[PDB]
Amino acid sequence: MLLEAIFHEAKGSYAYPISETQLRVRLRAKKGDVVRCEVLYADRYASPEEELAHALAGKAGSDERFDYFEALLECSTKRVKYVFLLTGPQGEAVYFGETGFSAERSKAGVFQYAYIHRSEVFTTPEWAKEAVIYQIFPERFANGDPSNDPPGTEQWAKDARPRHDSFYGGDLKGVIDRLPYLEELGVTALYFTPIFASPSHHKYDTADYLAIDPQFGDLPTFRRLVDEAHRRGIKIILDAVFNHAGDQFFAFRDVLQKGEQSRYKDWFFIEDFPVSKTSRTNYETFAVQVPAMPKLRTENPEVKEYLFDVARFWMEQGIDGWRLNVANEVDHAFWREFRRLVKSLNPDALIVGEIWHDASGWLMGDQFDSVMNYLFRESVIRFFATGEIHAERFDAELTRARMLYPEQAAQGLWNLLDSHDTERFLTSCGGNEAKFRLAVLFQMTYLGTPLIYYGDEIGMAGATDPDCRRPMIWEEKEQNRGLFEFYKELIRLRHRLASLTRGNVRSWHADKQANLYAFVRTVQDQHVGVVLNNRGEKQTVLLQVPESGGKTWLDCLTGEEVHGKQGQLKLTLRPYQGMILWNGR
């Protein structure tokens, strides 16, 4: 075996508790190098002559180059020291501990997980595990009150082609009027892009954090929305824009006016005074030269105090969580304290960070509960949309991503197909509905929480910002109702099958030539196998009956009954068809 390929660390995503007395440990090795991985462990103060406890680590996954083994250690003392015993195909064995590798156990040393503090066990809101999120970009969802429309509003039509400065009149009253639709779809939570006072259509350049934007409504209307959504079983998630403010933010205007004499100058990153001349900003902003968005110095206790108050105010209005804008450019201390504040006010309030890359640094349990899973989007884009990768590469990317974070984070990642910052997924699929649907079926059955971008469910299309922000299509005749009913069925099944929301996930089959991919979701005695024929050709495949699942399966999408023949299942898939096989338990 290739020892240079073996990896483990007593922290992060390779060692973490799932309870106050149980520790999950993972180990990585070159694919095929290790057939048996066992963990020998004991209390960190156990005597030299005490027997070590044993825990066998099953193979939890494999990507292109590695195998990932996982075990559960029962640590009643909450203190554990442990070593791995790795066995190869030829029976060659070796111990792997903190000191290194050795045939002699004592020489390998022991990894140590010092202490398991209850306060450090990653815990997330129970409801977030089985939620189906629907993203609403207010200015474009529904114009329920044209009397608050901004001047110059354009026509709310299917042929609308938004500009960076277009307005259509979307508002909160509209959202309220359309709740019956959202409820019928099966949505359980709504994520809103900024809704606080701001001059733009997107409103990421905040003028006033404590006020609902006039064109969207007022506090009484917001409160009504929260109540109407809640009694319909729908939660509310707001967009927290704490990385930067708008240039109309009071503190910033003060600096613009008083400059060096401003009591708020240290609330930002001003390069020199006066504050500006044009787009040539002499102050740090979001991205590059974005005059309307001066970066906030969240490291300043005054700024942190202010934003924390903003958070308190809105949570008082009854919201259920936050979506953190550009979360990765706000300091960690801020986020650790934010989590403490939020959870103290509402233990069930969800915290989702908006980060597009590897977000492990914010997903260990003391900061966010989840993140906008763009890694998931990329793999889904490449596999179902552009066809840039095949099923085996898809399986690998998913597996590698799953191993990036502790299971508590993975279980609730917001798996989106697109957002208000990307082209519509149907457009990514070049308008191919068959491909789009397969992606959706995957999104609705995979490990994580699905996030639906408004309109995708009724066939909307579009290029990237601002063309992805076109007015919602409400005209029944202009909506893809077949797709809508498709979504409804998938969402109902998700709520219907426990393994789909709370089950683990394991690869079942991945064939690069047939481009068929299958995985199994498991919890308790229930097993649900999802098979995706990601090819424009009808195919048949023989899959091994999933580990301890039973001999009778039912494709919940068709009512088709399939029996295990000599430990196998014969499946015939039409082009781009997906099956959701329930083992009946």
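Heads up: residue numbers just count along the shown sequence, starting at 1.
According to the PDB record, 250-258 carries the higher mean C-alpha B-factor of the two stretches 250-258 and 85-93. For the pair 49-57 and 66-74, the mean Cα B-factor is higher in 49-57.
Based on the entry's C-alpha B-factors, the most elevated value among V342, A189, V290, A333 belongs to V290. Per the PDB record, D149 has a higher Cα B-factor than any other of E407, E329, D149, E397. Per-chain ranking of the deposited C-alpha B factor places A518 in the middle third. The deposited CA B-factor of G144 belongs to the highest third of values across its chain. The PDB entry assigns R496 a C-alpha temperature factor belonging to the highest third of its chain's modelled residues. In the deposited entry, the Cα temperature factor of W362 places it in the lowest third of its chain's modelled residues. Sort the chain's modelled residues by C-alpha temperature factor and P162 lands in the highest third, per the entry.
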